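# Working through the structure, step by step
For reference, the chains in residue letters:
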Amino acid sequence: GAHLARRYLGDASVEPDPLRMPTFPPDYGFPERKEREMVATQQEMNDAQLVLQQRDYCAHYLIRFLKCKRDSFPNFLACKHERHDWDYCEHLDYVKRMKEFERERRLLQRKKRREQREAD
Amino acid sequence: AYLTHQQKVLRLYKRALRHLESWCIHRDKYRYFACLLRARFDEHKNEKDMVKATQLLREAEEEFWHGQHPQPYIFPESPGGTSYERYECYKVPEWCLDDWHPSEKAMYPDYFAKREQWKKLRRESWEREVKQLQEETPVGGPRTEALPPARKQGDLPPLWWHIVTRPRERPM
Amino acid sequence: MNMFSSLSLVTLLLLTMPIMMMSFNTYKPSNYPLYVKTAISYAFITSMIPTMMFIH
Amino acid sequence: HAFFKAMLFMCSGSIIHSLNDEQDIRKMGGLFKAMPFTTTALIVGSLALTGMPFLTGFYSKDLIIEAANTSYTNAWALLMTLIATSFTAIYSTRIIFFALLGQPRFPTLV
Amino acid sequence: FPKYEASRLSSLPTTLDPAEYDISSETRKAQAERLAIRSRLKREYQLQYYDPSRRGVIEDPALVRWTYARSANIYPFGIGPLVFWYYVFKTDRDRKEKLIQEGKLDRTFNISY
Amino acid sequence: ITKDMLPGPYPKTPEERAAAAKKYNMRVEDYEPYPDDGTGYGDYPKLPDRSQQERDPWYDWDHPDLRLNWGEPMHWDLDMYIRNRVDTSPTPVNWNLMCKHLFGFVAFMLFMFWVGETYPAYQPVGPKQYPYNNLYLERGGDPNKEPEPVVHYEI
Amino acid sequence: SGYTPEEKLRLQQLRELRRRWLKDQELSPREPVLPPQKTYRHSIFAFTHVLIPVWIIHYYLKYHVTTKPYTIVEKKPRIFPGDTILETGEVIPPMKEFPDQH
Amino acid sequence: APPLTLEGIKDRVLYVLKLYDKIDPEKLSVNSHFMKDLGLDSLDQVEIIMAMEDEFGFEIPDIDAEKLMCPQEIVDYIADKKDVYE
Amino acid sequence: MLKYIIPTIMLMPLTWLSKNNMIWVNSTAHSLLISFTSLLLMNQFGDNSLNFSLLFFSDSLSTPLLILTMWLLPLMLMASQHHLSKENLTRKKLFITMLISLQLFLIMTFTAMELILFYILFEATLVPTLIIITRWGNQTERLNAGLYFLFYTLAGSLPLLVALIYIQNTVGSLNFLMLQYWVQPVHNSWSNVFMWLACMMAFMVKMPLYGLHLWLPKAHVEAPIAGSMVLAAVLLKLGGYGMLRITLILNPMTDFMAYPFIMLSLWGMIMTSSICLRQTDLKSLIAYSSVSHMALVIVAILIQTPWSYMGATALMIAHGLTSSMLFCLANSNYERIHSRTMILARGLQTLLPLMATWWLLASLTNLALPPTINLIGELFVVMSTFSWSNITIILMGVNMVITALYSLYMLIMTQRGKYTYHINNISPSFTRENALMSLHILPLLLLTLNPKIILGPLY
Amino acid sequence: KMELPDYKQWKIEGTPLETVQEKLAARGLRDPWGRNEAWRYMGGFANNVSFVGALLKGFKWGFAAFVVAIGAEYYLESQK
Amino acid sequence: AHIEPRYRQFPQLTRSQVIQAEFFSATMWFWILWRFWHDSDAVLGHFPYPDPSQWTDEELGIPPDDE
Amino acid sequence: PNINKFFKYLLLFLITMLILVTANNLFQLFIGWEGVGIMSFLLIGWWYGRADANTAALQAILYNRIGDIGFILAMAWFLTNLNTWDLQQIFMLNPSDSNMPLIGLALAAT
Ligand SMILES: CCCCCCCCCCCCO[C@@H]1O[C@H](CO)[C@@H](O[C@H]2O[C@H](CO)[C@@H](O)[C@H](O)[C@H]2O)[C@H](O)[C@H]1O
Ligand SMILES: CCCCCCCCCCCCO[C@@H]1O[C@H](CO)[C@@H](O[C@H]2O[C@H](CO)[C@@H](O)[C@H](O)[C@H]2O)[C@H](O)[C@H]1O
Ligand SMILES: CCCCCCCCCCCCO[C@@H]1O[C@H](CO)[C@@H](O[C@H]2O[C@H](CO)[C@@H](O)[C@H](O)[C@H]2O)[C@H](O)[C@H]1O
């Protein structure tokens, strides 16, 4: 995306480092952040034998989808609703990461301006 | 070269047309450029200065080399073709039938009765064939590989067996 | 476990049977290619059963 | 891939057989109507190969391409893969265009 | 036209060979002589090949000469490869032996040798 | 066969250079030994280092597959020049030009791949976030050693 | 550039023999003289190529392979919340109520 | 493939020649010499042999092709290569 | 071992008192019966070897070599009885006597407890082998081959005699069971460096080691078929068997004295494999393939690991059956065209379809296609050699590539392509020839079902 | 046994081979092999489809059965 | 055999092969249209891609620079 | 004429592939690995009288045994470091220093 052109051809200082993100404190500019809430418990995911890369903050929708898939056999076209709930939760989880990237980008810009405003 | 000047020109013409066909693909397009290529050969058809004609051939061969198709069309059974030698594994020499077990030969009583007439014809003709090649060859042995015909009724052309009884091109 | 393990192995064993009747002299060479084709078509059916159990 | 790639080879084998072991696409052409069923299989197989939506090839190729260009990945590799995807449609057109379309270019005894 | 540049694994085409076109009775005579030698050998082979009573192998002196020539001289690269490979392997094993002494080589599950 | 018909030592005089050519079924003008460097070639003829693929396909060879005639001298490296092995037939592109182009393509590709590794493509997305201290226990962590906590926050 | 009359005559003579040799390759009616000697077909095939093989394999696995430790190893069944265990009758609790985000 | 016959080959050889503008179909016979009786040159004969290679889908090497100087000789050549005896 | 020695000796009266036309039938039938009883040597225990008497003992190293030896005798008789058809009757009975006496020396060689008794029989095998090559070889060069065979062996054997005798003076016994308990370490010194060379160089020449191998291609090109079968199948393995025994008393000096010989073997196997690509003689090609295969055995013995000895034992058995089969296959071609040139007779799959199957199977084992015991032996040596030094995988990998190249080259050159027009005496394969090939391949493939019985004492 | 089509029927008129004759006739040339190629532009071999026309083979019938299906589908709901 | 070859002419076609080819070409197109009518998201896009330039600083917790 | 042999080879060609797919240890997997190489060699060189077919068949073996160098390397490494060829034990031990074994597998796949 454009974000790559900016980093590799423009100013790499005010572009987030994908490997080292985040770099500011979690609560810098956020009064009273809440923690993410996890529905499914560790045992439930252990029992359902979810792949570890699937044991994220959307696992309860995946476990709901997997159970319906097993009960609907052989109607492999059932469960379209459960599948979507899982996809949508994973979509919101993705937008959150985009927000974190943008927040890091804007903080890196503020830090830059706060210097030139300070340099003089 | 053992080829004459005519042979070199005609070989180039055929080869040039075949590579042109590979470039053109479409028949109407090939017909058009096949006529232009013929016209170039017709322009110099009547050149009499053989040094000049040899130059024209030399320059045409450099033109062909530059403009040849890197992957020209080859007939499937021609050398380098996709079917070349594909059936050689099925060609069994006729002498293999001599080692057939009697029970195998008894399945084709008629074929093996005819086969013995050929082996008889071959044995009785061999001496005349050898003699003919002796009386026709000059001292020092032959100078070319051309073989003579039979010069007499009842005679067979010398060295015919492996020509006549060679395997069929589709032997199975 | 019984059906799954048993039908997964007949699939492999079924395909070797035409090889046995060949390399051991016990079949009818009249239409061996049809026989070998039939074994594949039947081995496909058997293999599908363990696949359905895995999918389910 | 095992489906449409195997079909494509059987489709070429059908043409090669009908044209007495000719394998060069330059001596084919004009087979769209002469070989109706081979033509249909050769067009279905080519659209699957090139990722026509909802054919067998679309359910892997497109998932693979979108996962490649949204991944943390070598940028040159990502570009070569995409240009190659375009090439897949080109030589796919060569087979259809030269084997099926146009006028016959094969020998006279049909 | 860029001119052909022959190599060991890419000979010059005959149609591009200047020697292929310039011809003098010496070359034509030389070609006739070769065709004479070939035709004499061909006849000698054909008289035995076509003989109805011959069952066996027509021994070829040229094939006998070839095998004899190339199976005659033997000398099985002297110490250079052996010395080279010696230094590669000795250095590797000395390097590895030292680590095992110091416990710096990982052999946690190595119990097959 | 007989000794006089078998290969012998390097042919010194022009008369020995004539008995060799006769022995090998060659014109005395065409016959040439290998250089007398004591490599063991003896008087075997040095023949042009051309592949058998380069011979005429349409001629009626005594051995069609080898493209050889009975009695003609065999090249020293003939087993290396059979049609299944080394080919020397003329190429439509000059050898040196081919080597440049193939090397140029590969060298360009390896360089551009290194460039592509130094400036990777990626999406404008923060790190994926996992629950339970980045799944410390599931990933095989020691159940005894309470890990450094990882806390993720809503955004 | 064509055949010399001597070449034509040889080609003609070889051709006569060849076409006669090719004619003699044909089989007479009695040759080869051989020495004296869909449901149903598919049902025997199933019997001999599926049922008998699976009888032998099931016998082999049940009374030999599965009687040794760890010869057949299953991935244990997945247990989802709300399921019931056949062996013990235990009931797995459900997952706590979701945010019900949609 | 369909088998070839001596008259089948002859008919297709004369068919190609009749479709050649430089020949007069009424004067064309199996025994008509291309250079003597039909007044063609050796550049034409090259093209006739190529049209025969295209007709029957196989190649006639230049050494043999140069010697085929009437329709009957082409028929004899083709019949020999494909084991036609009819 | 008397139950094997005595019946083997009885084969001599049987041949000599047999009716004039029953020499091949009687010797073949009863030598096969002896091979049958040889399976009783498989009474092997986990801890203790099978020790019959003060003179003879049998462990899991010697047992498969004994069974291979007694199996090879009937096979040698079948392979020889055609080219000896015109031989004088009394000269037939003398040829069979040389083979029987070779078996006698071999079975006692592999079971002698003491190393001097092993040495005497190890050397006695020369006399019959020399006589077979020189008396019943075919060409002029069989006399030179006998001399190179004799003097290459003795130039190494005589120092070994001195070394063995010196060991008995210092240790007090050469009994192998006794040496297992009285073995003392060998310290650095020039006296020990030459004791190590004396103990090992006789066995190196037999393997043969690369550099000291040039006698072997001579012997093979000149020996009669039976000579080539025993020479390749068993006599080469005398050197390997002796090494696996005598290295017991050479530690730890083997740690550094092995370096020159591992480099010769590792590089020598690549060189000899590449030579096979340019051989014109089918027998010489198969000869040079043995040098390449036995290079692996030398390396395996010298690195002294449980996996390497297991691989070494399997190769010696696997190679023995494969190399003997290849020689028989080439000989069957030779008996028709009377030439060993590989390029002379081509496209033989067209004319001898079933013999092309044997050619294919022999080639597939020769290149070590899994799960043949040819590969089980090769793989174990590669596994252990990797742990010796990781770089060896490069040489090992290259050799496998080249090994497949000339194995299939030989198959393609002789069996495929177009047949040779003027060779018209290729008769249908005889029942004797077909049975001869099957009696090689069938045991070789059967052993993949129970490979433990050929893995040796460290299994 | 095989009967060949009458040779007089092959003509370059009305085919691209005729355009070639006009294109050559400008330069003073002639194609003497034109009629040997004519059969390729006549009869069932004339009027071959375009690439798009080839890809859209069966679309007419496929689209119709599609309308009859979504029509059937949207009717099985209106009742429900 | 039962399809007699023709010289320089369009080949003989059976009615079975023409219909089967046409039937399976319609099955393909029917399938594509039927799948596109229900699964257009698989081709165009499952979810709306957000525009990160519209997110307020209050959403992303960017404190004012004066601070 | 050898159609019966051809179907026997296609069947062996398939069996060795199914041994490869279901193999649960590296040695059993190697049996199928080399098995398809031989069956490929015997089926490419089907028309064995043709020199080009013999050359192509041997070319397939040559390039495939260059890859098999990497296969043996992975086998040698896994036995030395993890004491196993079984896939279960390889994944349970999950070695971190897996560059050498995987380069071997990558070369084999190449
Ligand atoms: C979508 C495709 C993406 C991948 C594209 C990859 C592009 C790779 C380009 C590699 C080109 C390398 O090839 C390069 O070409 C020129 C032109 O012949 C060569 O040069 C050669 O031709 C010219 C003369 O005609 C001269 O430079 C020189 O006499 C000669 O050596 C270079 O020696 C060679 O290095
Ligand atoms: C195929 C041929 C292979 C040839 C391999 C050659 C191996 C070379 C081995 C070198 C070591 C020989 O053995 C070496 O001998 C002397 C005994 O005099 C020992 O050394 C001892 O005597 C020497 C006398 O010069 C003193 O210097 C030394 O103080 C003393 O310890 C060494 O500790 C020992 O290492
Ligand atoms: C799962 C969904 C399945 C959907 C299936 C839909 C039904 C498929 C009907 C296939 C009809 C096959 O029948 C075929 O149709 C085509 C097109 O009309 C006709 O083709 C028509 O146009 C061509 C070109 O002008 C003419 O050559 C032909 O004479 C003419 O009838 C064929 O004459 C007819 O044989």
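Residues numbered from 1 in each chain as written, not as in the entry; some residues may be left out. Chains lettered and ligands numbered in written order. Part of a larger assembly, values for the part shown. Heavy atoms only, no water. Residues with missing side-chain atoms left out of burial classes, pairs and counts.

As recorded by the PDB entry, chain I carries the name NADH-ubiquinone oxidoreductase chain 4 and is attributed to Bos taurus. Database annotation for chain I, UniProt heading Subunit: "Core subunit of respiratory chain NADH dehydrogenase (Complex I) which is composed of 45 different subunits." Entered under Subcellular location in the UniProt record, the comment concerning chain I runs "Mitochondrion inner membrane". (UniProt positions renumbered as here; feature names shortened; annotations may be inferred.)

Per the PDB entry, the recorded name for chain C is NADH-ubiquinone oxidoreductase chain 5, and the organism is Bos taurus.

### A word on the interface of chain B and chain E
Each side of the interface is counted separately: chain B has 29 residues, and chain E has 27 residues. Note that B:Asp99 is salt-bridged to E:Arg55, the shortest N-O span being 4.0 Å. Counting every contact that joins chain B to chain E gives 7 residue pairs in polar contact. Mapped by element, the contributors of at least two residues to the side of chain B that touches chain E are α1 (5–24), α3 (50–67), α5 (109–136) and α6 (161–164) of chain B. The element contributing the most residues to the side of chain B that touches chain E is α3(B), with 8 residues. Broken down by class, the residue content of the side of chain B that touches chain E amounts to 13 nonpolar, 5 polar and 11 charged. (Contact = heavy atoms within 4.5 Å. Salt bridge = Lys/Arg side-chain N within 4 Å of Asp/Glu carboxyl O. Polar contact = N/O pair within 3.5 Å; in protein donor to acceptor, adjacent residues only side chain to side chain. Helix = DSSP H or I, 4+ residues; strand = E, 2+ residues; numbered from the N terminus. Nonpolar A, V, L, I, M, F, W, Y, C, P; charged D, E, K, R; others polar.)

### Quick notes on the interface of chain E and chain F
Facing 34 residues of chain E, the contacting portion of chain F comprises 35 residues. Carbon and sulfur atoms supply 57% of the area that chain E and chain F bury against each other, a total of about 3,300 Å² over both sides. Between chain E and chain F we count 4 salt bridges in total. At the boundary of chain E with chain F, the tally comes to 19 residue pairs in polar contact. Every element with two or more residues in the side of chain E that touches chain F is listed here: α2 (25–49) and α3 (61–70) of chain E. Counting residues per element, the side of chain E that touches chain F draws most heavily on α2(E), which supplies 11 residues. Here the side of chain E that touches chain F is composed, by residue class, of 16 nonpolar, 5 polar and 13 charged. (Buried area = accessible area lost by both parts, 1.4 Å probe.)

### Section: the packing of α1(B) against helix α2 (residues 27–43) of chain B
All names here are of chain B. Running from N to C, α1 and α2 point in directions that differ by 155°, and their axes come no closer than 9 Å. The pairing of α1 with α2 is recorded here as roughly antiparallel in orientation. With respect to the hand of their crossing, α1 and α2 are arranged in right-handed fashion. Here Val9, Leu12, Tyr13, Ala16, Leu17, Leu20, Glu21 and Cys24 of α1 come into contact with α2, specifically with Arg27, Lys29, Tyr30, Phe33, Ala34, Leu37, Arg38 and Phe41. A breakdown of the residues in the contact of α1 with α2 according to their chemical character gives 12 nonpolar, no polar and 4 charged. (Axes fitted to C-alpha atoms, helices over the stretch in contact; angles between N-to-C directions. Parallel < 35°, antiparallel > 145°, perpendicular 65-115°, else oblique. Left-handed = near helix turned anticlockwise from the far one by under 90°.)

### A few points about the site of ligand 1
Close to ligand 1 lie D:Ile83, F:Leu97, F:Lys100, F:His101, F:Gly104, F:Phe105, F:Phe108 and F:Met109. Neighbouring residues of ligand 1 are not confined to a single chain but are spread across chains D and F. Separating an oxygen atom of ligand 1 from a side-chain N or O atom of F:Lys100 is a distance of 2.4 Å. F:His101 has a polar side-chain atom sitting 2.9 Å from an oxygen atom of ligand 1. With the chains in place, 40% of the 780 Å² that ligand 1 exposes on its own is no longer accessible. When residues in the shell around ligand 1 are grouped by element, the largest group, 7 residues, is from helix α3 (residues 95–118) of chain F. Broken down by class, the residue content of the shell around ligand 1 amounts to 5 nonpolar, 2 polar and 1 charged. (Near = heavy atom within 4 Å. Areas by Shrake-Rupley, 256 points an atom, 1.4 Å probe, with all protein chains shown as cover.)

### Focus: the site of ligand 3
Around ligand 3 sit J:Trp61, K:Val18, K:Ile19, K:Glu22, K:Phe23, K:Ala26, K:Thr27 and K:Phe30, and those are all the residues in its vicinity. Mapping the residues adjacent to ligand 3 onto the chains of the assembly identifies chains J and K. For ligand 3, an oxygen atom lies 3.2 Å from a polar atom in the side chain of J:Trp61. Its free accessible area being 780 Å², ligand 3 has 44% of it covered by the protein chains. A per-element tally of the shell around ligand 3 places helix α1 (residues 15–38) of chain K first, with 7 residues. Residues that form the shell around ligand 3 fall into these classes: 6 nonpolar, 1 polar and 1 charged.

### Quick word on unusual backbone geometry
With omega at -10°, the peptide bond leading from A:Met21 into A:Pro22 counts as cis. With respect to the helices and strands, A:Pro22 occurs in the loop between α1 (2–9) and α2 (42–48). In this model, I:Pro370 is joined to I:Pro371 through a cis peptide bond whose omega is 0°. Its place among the elements puts I:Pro371 in the loop between α16 (353–366) and α17 (373–388). For F:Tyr132, which is not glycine, the phi torsion reads 55° and is therefore positive. Of note, F:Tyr132 is situated in helix α4 (residues 131–135). The exposure class assigned to F:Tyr132 is partly exposed, which follows from its relative accessible area of 26%. With a phi angle near 60°, G:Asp100 is a residue other than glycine that sits in the positive phi range. (Buried < 20%, exposed > 50% of the residue type's maximum accessible area, 1.4 Å probe, protein only.)

### Description of a nonpolar patch on the surface
A surface patch of nonpolar side chains, amounting to about 980 Å² of accessible area, comprises A:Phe73, C:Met3, C:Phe4, C:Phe44, C:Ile45, C:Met48, C:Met52, C:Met53, C:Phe54 and C:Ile55. At the level of elements, α1 (2–23) and α2 (32–55) of chain C are the ones that each hand at least two residues to the nonpolar patch. In terms of residues, the nonpolar patch owes the most to one element, α2(C), which gives 7 residues. Secondary-structure assignment places C:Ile55 in helix α2. (Patch = residues over 30% accessible without salt bridge, like charges linked within 9 Å, V, L, I, M, F, W, Y side chains within 5 Å.)

### Concerning the state of the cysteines
According to the stated counting rule, one finds 0 disulfides over all chains in the structure shown. Residue A:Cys68 stays outside any disulfide, its sulfur separated by 3.2 Å from that of A:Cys79, the closest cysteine. (Disulfide = S-S within 2.5 Å.)

### As for the packing of aromatic side chains
Going through the model one piece at a time under the given rule, you end up with 78 aromatic pairs over all chains. Summarising the aromatic geometry, the rings of I:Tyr419 and I:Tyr421 are spaced 5.6 Å apart at their centres and angled 85° between planes, so their arrangement reads as edge-to-face. Classification of I:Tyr421 by relative accessible area gives partly exposed; the value is 26%. Taken together through their ring pairs, the aromatic side chains of E:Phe77, E:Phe84, E:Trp85, E:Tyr86, E:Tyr87, E:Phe89, I:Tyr259, I:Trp267 and I:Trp388 make up a single cluster. For I:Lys418, the ring lying beneath its charged end belongs to I:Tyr419, and the centroid distance is 6.0 Å. The side chain of K:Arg35 reaches across the aromatic face of K:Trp31, ending 5.2 Å from its centre. (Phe/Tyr/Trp six-rings, centres within 6.5 Å; stacked < 30°, edge-to-face > 60°. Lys NZ or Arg CZ within 6 Å of the ring centre and 35° of its normal.)

### Some details on helix α2 (residues 26–44) of chain L
Residue and element names in this part refer to chain L. The first and last C-alpha atoms of α2 sit 27 Å apart over 19 residues, in line with the 27 Å expected at 1.5 Å per residue. When you tally the buried positions in α2, you get 15 out of 19 residues, the bulk of the element. If you check the start of α2, you find a side-chain oxygen 3.0 Å away from the backbone N of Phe27, and it comes from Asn25. (Expected span 1.5 Å × (residues − 1).)

### A short note on the pattern of salt bridges
Note that side chains of opposite charge can pair when their charged atoms are close. Per the counting criterion, the structure on display carries 92 salt bridges over all chains. Between A:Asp93 and F:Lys128 there is a salt bridge, and its shortest N-O distance comes to 3.6 Å. Of this pair, A:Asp93 sits in helix α4 (residues 80–119) while F:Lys128 sits in the loop between α3 and α4, placing the two residues on different chains. Taking the relative accessible area as the measure of exposure, A:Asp93 reaches 2% and is therefore buried.

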